[PDB]
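One structure below.
Every number here is computed from the coordinates shown, using simple stated rules; none is lab data. Here the Cβ is made from the backbone with ideal geometry for all residues, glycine too, and neighbour counts use every protein chain on show.
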Amino acid sequence: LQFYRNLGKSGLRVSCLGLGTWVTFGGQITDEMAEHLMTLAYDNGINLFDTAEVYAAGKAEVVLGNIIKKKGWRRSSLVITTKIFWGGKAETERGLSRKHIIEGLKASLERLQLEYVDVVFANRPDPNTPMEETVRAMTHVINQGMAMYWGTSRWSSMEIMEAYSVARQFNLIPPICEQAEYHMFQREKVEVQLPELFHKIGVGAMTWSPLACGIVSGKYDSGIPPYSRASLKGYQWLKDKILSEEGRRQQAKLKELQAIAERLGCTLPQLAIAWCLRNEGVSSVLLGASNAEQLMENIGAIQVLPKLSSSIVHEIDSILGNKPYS
Amino acid sequence: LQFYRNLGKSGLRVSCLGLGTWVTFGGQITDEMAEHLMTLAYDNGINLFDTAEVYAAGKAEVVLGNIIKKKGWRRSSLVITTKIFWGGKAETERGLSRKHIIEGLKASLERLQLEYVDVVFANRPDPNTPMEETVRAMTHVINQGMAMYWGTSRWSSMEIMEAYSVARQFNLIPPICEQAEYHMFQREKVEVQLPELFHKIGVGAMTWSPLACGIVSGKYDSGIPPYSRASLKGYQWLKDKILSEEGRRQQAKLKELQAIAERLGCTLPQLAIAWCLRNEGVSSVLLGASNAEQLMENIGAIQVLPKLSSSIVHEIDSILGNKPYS
Amino acid sequence: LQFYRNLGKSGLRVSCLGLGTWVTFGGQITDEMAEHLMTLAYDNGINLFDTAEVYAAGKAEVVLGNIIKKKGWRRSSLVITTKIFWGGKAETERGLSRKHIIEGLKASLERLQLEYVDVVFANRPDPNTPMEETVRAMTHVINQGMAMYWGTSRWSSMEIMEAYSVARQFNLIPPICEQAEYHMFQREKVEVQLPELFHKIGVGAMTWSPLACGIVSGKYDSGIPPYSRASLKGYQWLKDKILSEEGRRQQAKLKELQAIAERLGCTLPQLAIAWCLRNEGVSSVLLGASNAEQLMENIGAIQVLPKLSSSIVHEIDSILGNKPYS
Amino acid sequence: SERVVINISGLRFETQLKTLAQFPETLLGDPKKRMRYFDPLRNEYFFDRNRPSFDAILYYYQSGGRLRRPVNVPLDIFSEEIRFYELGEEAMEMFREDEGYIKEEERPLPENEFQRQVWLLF
Ligand SMILES: NC(=O)c1ccc[n+]([C@@H]2O[C@H](COP(=O)([O-])OP(=O)(O)OC[C@H]3O[C@@H](n4cnc5c(N)ncnc54)[C@H](OP(=O)(O)O)[C@@H]3O)[C@@H](O)[C@H]2O)c1
Ligand SMILES: NC(=O)c1ccc[n+]([C@@H]2O[C@H](COP(=O)([O-])OP(=O)(O)OC[C@H]3O[C@@H](n4cnc5c(N)ncnc54)[C@H](OP(=O)(O)O)[C@@H]3O)[C@@H](O)[C@H]2O)c1
Ligand SMILES: NC(=O)c1ccc[n+]([C@@H]2O[C@H](COP(=O)([O-])OP(=O)(O)OC[C@H]3O[C@@H](n4cnc5c(N)ncnc54)[C@H](OP(=O)(O)O)[C@@H]3O)[C@@H](O)[C@H]2O)c1
């Protein structure tokens, strides 16, 4: 219902929908389209934009930064987040060591042309760095004013609880968010493991790939459309999943959900997105969009949210038949 | 008696009377008058000037800053305080989150043309931000040298004690002052709730609106004078209170106090102001003045303070008949 | 014996003799003489120079700074110390509040043309500022790299222990030194109260006025010489002490010590200075000198130190008859 | 549920403010009475007193009335603490009953002058 939500239990208020830059910015789409997308999003109340040092080898950060600079939007009305982990081919340019977290963020901030990001995320867990070193480094860049808050991404709840625990032991700053993948065909972590953490230590979830890269949109009912992501050079893995045995199965279930969509009076993408937002543990959902049509349609998911009643949800679970065990 | 007092139990010494900038600076009065007012105040030993990001949408800070810069007064002989909370129309531009406290203060300091303020206040409580996030952010801007101390405003004693408590738990810096409204018709909080906090954790009070925006001056005995605050465009709420049923009642009691004033040999405003200063828990009283006449008269409240004996105070309580329950 | 000593139990090594700037720099002597004095001192291994914001209203810091800048000595071979407390006529320009400690040191460093001092001292205790506020501020300027260490001056051992205690409680930095007055006619504090603190919490003493402003030199045996300090405009208080009843008594005892001096083969000033250095609790002794003759003679006190045997010291106690009670 | 920390000669105790507020007339239950023992640097109340006794005093608030003397604490000491924490006479009486003691009577010849005079030899 509320368009703006608190990210976990922190004071940072984000729009329940954000726009990311994976694949698109500095990649699939043009700089002018990227600008068009962000303007549309910003003008619609969306204040959350996500990027990463690894996206198009730092190219997405530059495009995102050029737009913010060109449009002259006030920095205080924006919530920029960036992820750190893979920053180069050198051995010391990847991971969550203190060296890479500081060097990585400094280089991202440079490409972004910003003095700081609102939230810096560890793109993934690092089995090779002690939790203390990572928590201390996240705390250091925050006290240096390079970031306002920090979060995790693809971490288990055990790991997130560890970071929180180490933070309390040394009087460091605990993470406030976990960027987890969440969509109709990926529900375990967000629905089974993160809720306890949200109530226990205020960690909220900012979910990604709500349409499973497009799969859940329904554009793959027949085959691989021209100019779709599954067709793009470099995304063969994606094409395989769609044509997979499991792929066909998902597409079949999508046709069943297509009926739930019409009953609710919305499109499939709007339902898929609004679905991800039904649970309170989810602070925001990061959207992907290769053009302005998709973004405009997807933002409509907000009017569907009020319609997601117990019954409809239980029916959607029946069709999916993948509801996670408690 | 002592013109200079410690703000609460901190080492910061403030004049028992300060001059604020709400309504007037960048608003009701001209920049030349504002300059005249501050010069008068400064030349009379007043070293405390209060402003806020919200006052005239940042306009008052600019005027205050231009004066300090123009007059060339030494920064070490001034005590500038500014309040943070409402800083813009964006969702992320209001509140006590770490993002807004740092962004808000940075923008105020910019408008003020100062490297730091002596005390930064949270303009009001923020139900949406964890106390830890706020206390940590206040501590961060102080360690960054953007502020020397921090305080609360319109917080309950429960909330102030919470901020202090969280500060001790994490080894952060506790607030030293609470900016509370205090005048003959608003006495509960300052007289009943803050004294325990002053003796227990050194929090002092810096009270505002000692004349209830002019009501307690006596200029409204008849009706709404021309050029008064109650007449100004935008202060209809104030005009309503004065003409209210309760309004007439207050004006009647003011005529009774008018006798206590002559017995003490002073004007009503001087009595109203000196009254606020009778209790030790009150470190300083922030004055409002639309012109030099008012300021000169009001500063005279200091010679009345010695005359406020037990008897006179008990008589003033009789007339008011609103003495708060212990 | 050892020319260089550790200041208290810290790692900072100071020459057992230092040169101060009270009265002389920017005052009694000329800038060229001041330069001559410092060069002589520096070329003789003395690495400790003491000043204060209050000395000649900031004038001594400027002269000291011009010399260091002119001579091009490496900053790492110098130990500059400055005291903070009286910094102006304003109410907020004196004391040990956080505001004045930061503002005061920043202004001194500016006059000194240095990025930092090695040790900043609180010139005296401040009954009006909580110990926590002072310890936190000393810690803040040290973490800001404005000072390397901090110390007290004219504080009781109760107060010094309090600062240390508060430092441990909040994980702040404890003071390492106390600048106390020490000479043949002022021995209580250094000999009775500070030794426990030196062994218990590593606080060392850096004593001042070893010749009691010249009294112990013997230049006042007859009357007030021309150009002496006791004659200078502004030091009437000093002249009174010398002509006092007690003054005559001291001068008489000085004639008795004059014999101990010849027995040891040195001048009275060299004995008076070497005496102050006999106890280990004294890290260094700050010298005063209005000209190069005095400095050259006084530095000779170091060859006398080895001769201060139990017997001689007990004899000197007999003559003084003011040995403090244990 | 503001928490309250009580430090007894170094032994740390914590409880909720409403737990102490349950008995407004006692030392720990009276803000004006405990004020004197608060350490603003450590956010705790400090009492330089007997340690073994306190578990019992605190439990008295938590249990809502039960005042038992710890098996290992002398009766002379524990009663001195009961008095110090001003638990009140109604509680001390019931405490002393359960502890064993209990009694008291007499009253010399009411006036009489001479009645109460003889009634002192027989
Ligand atoms: N590890 C991490 O932290 C992580 C990982 C991945 C992503 N993320 C975040 O999440 C965002 C990406 O989400 P996502 O892009 O992967 O899944 P989506 O579900 O966010 O993917 C959207 C993509 O699918 C297609 N699509 C979207 N809406 C459509 C519509 N209404 N009709 C038809 N097609 C539509 C688009 O066109 P095309 O099919 O033509 O391309 C678009 O490029 C990124 O911006 C990133 O910041 C984070
Ligand atoms: N939440 C907060 O923290 C908060 C809120 C409000 C204010 N404050 C602080 O407190 C200050 C304001 O106090 P206030 O202005 O609201 O109440 P006052 O009681 O401080 O109000 C003074 C205003 O009333 C009238 N007045 C004052 N003295 C007079 C006299 N001797 N004779 C006739 N009229 C007189 C003036 O002329 P007019 O009637 O012609 O205008 C003046 O503009 C501000 O500067 C602000 O910094 C803080
Ligand atoms: N509160 C504090 O922390 C504090 C207070 C005071 C001083 N201090 C430090 O201690 C230093 C001052 O010590 P002080 O100057 O007060 O006592 P001294 O005992 O250090 O005083 C030396 C002064 O006495 C005279 N004198 C020195 N040696 C002489 C000699 N061999 N023969 C004849 N006369 C001689 C000098 O000439 P004149 O007699 O002609 O002037 C000189 O100006 C300062 O530099 C200051 O930094 C610290």
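Brief remarks on what is shown
- Of the residues examined, B:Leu96 is one that is within 7 Å of another protein chain (Cβ to nearest Cβ) and part of a loop (DSSP other than H, G, I, E, B).
- Looking across the range C:137-163 at every residue that is crowded, with 21+ Cβ neighbours inside 10 Å and touching a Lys or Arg at 6+ places or on another chain (Cβ under 7 Å), the one that is farthest from A:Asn143 (Cα to Cα) is identified as C:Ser153.
One line per residue, one yes/no per condition, for (1) more than 14 Å from chain A (Cβ to nearest Cβ); (2) part of a strand (DSSP E or B):
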position	(1), (2)
B:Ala57	no, no
B:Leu64	yes, no
B:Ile67	yes, no
B:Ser76	yes, no
B:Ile80	yes, yes
B:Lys83	yes, yes
B:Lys89	no, no
B:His100	no, no
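- Any hit, the range D:70-80, residues being within 14 Å of chain B (Cβ to nearest Cβ), part of a loop (DSSP other than H, G, I, E, B), free of Cβ contacts under 8 Å to residues at least 60 places away in the same chain and over 14 Å from the mean Cα position of the chain (by Cα): no
- Considering B:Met184, B:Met138, the condition of being more than 14 Å from chain A (Cβ to nearest Cβ) and touching a helix residue (DSSP H, G or I) at 6+ places or on another chain (Cβ under 8 Å) is satisfied by B:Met184 alone.
- Qualifying residue in the range A:216-236 (condition: of a type in the set (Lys, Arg), more than 14 Å from chain B (Cβ to nearest Cβ) and more than 10 Å from ligand 1 (Cβ to nearest atom)): yes
- With respect to the conditions (1) closer than 27 Å to B:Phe170 by Cβ; (2) out of contact with any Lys or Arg (no Cβ under 8 Å at 6 or more places or on another chain), C:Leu172 lacks only one, and its number is (2).
- When the range B:254-271 is filtered for residues that are surrounded by 17 or more Cβ atoms within 10 Å (Cβ to Cβ) and assigned to a helix (DSSP H, G or I), the ones remaining, listed by number, are B:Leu254, B:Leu257, B:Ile260, B:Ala261, B:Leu264, B:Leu268, B:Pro269, B:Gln270, B:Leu271.
- Hey, B:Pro175 within 14 Å of chain D (Cβ to nearest Cβ) and surrounded by fewer than 24 Cβ atoms within 10 Å (Cβ to Cβ) or not: no
Residue-by-condition table, conditions (1) among the β-branched types (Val, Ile, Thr); (2) within 22 Å of A:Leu308 (Cα to Cα):
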| site | (1), (2) |
| --- | --- |
| A:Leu1 | no, yes |
| A:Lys9 | no, no |
| A:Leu12 | no, no |
| A:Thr24 | yes, no |
| A:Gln28 | no, no |
| A:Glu35 | no, no |
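- Any hit, the range A:39-51, residues being more than 23 Å from A:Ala107 (Cβ to Cβ), away from ligand 1 (no atom under 12 Å from the Cβ) and free of Cβ contacts under 8 Å to residues at least 24 places away in the same chain: yes
- Residue within the range B:190-211 that is away from chain D (no Cβ under 14 Å) and free of Cβ contacts under 8 Å to residues at least 60 places away in the same chain present: no
- For B:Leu172, the criteria (1) farther than 29 Å from B:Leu271 by Cβ; (2) touching a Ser or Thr at 6+ places or on another chain (Cβ under 7 Å); (3) within 15 Å of ligand 2 (Cβ to nearest atom) hold in every case but one, which is (3).
- Residue check for A:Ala301: touching a residue at least 12 places away in the same chain (Cβ under 8 Å) and either in contact with a strand residue (DSSP E or B) (Cβ under 7 Å, 6 or more places away or on another chain) or crowded, with 16+ Cβ neighbours inside 10 Å (or both): yes
- Subset of the range A:199-235 [at negative phi, among the aromatic types (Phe, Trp, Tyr) and more than 17 Å from the chain's Cα centre (by Cα)]: A:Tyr220, A:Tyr235
- Condition met for D:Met35 (loosely packed, with under 13 Cβ neighbours inside 10 Å and in a helix (DSSP H, G or I)): yes
- Any chance A:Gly281 is within 30 Å of A:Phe198 (Cα to Cα) and either within 11 Å of ligand 1 (Cβ to nearest atom) or loosely packed, with under 14 Cβ neighbours inside 10 Å (or both): no
- Filtered by the rule that a residue be free of Cβ contacts under 8 Å to residues at least 40 places away in the same chain and either assigned to a helix (DSSP H, G or I) or within 15 Å of ligand 3 (Cβ to nearest atom) (or both), the range C:272-293 gives C:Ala274, C:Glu293.
- Qualifying residue in the range C:14-26 (condition: buried (at least 20 other Cβ atoms within 10 Å of the Cβ), of a type in the set (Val, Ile, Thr) and within 22 Å of B:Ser76 (Cβ to Cβ)): no
- Residue within the range A:25-32 that is among the β-branched types (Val, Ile, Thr), within 14 Å of chain B (Cβ to nearest Cβ) and on the phi < 0 side of the Ramachandran plot present: no
- Subset of the range C:110-131 (residues that are away from chain B (no Cβ under 14 Å) and either within 16 Å of ligand 1 (Cβ to nearest atom) or not charged (D, E, K, R) (or both)): C:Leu112, C:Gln113, C:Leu114, C:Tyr116, C:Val117, C:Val119, C:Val120, C:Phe121, C:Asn123
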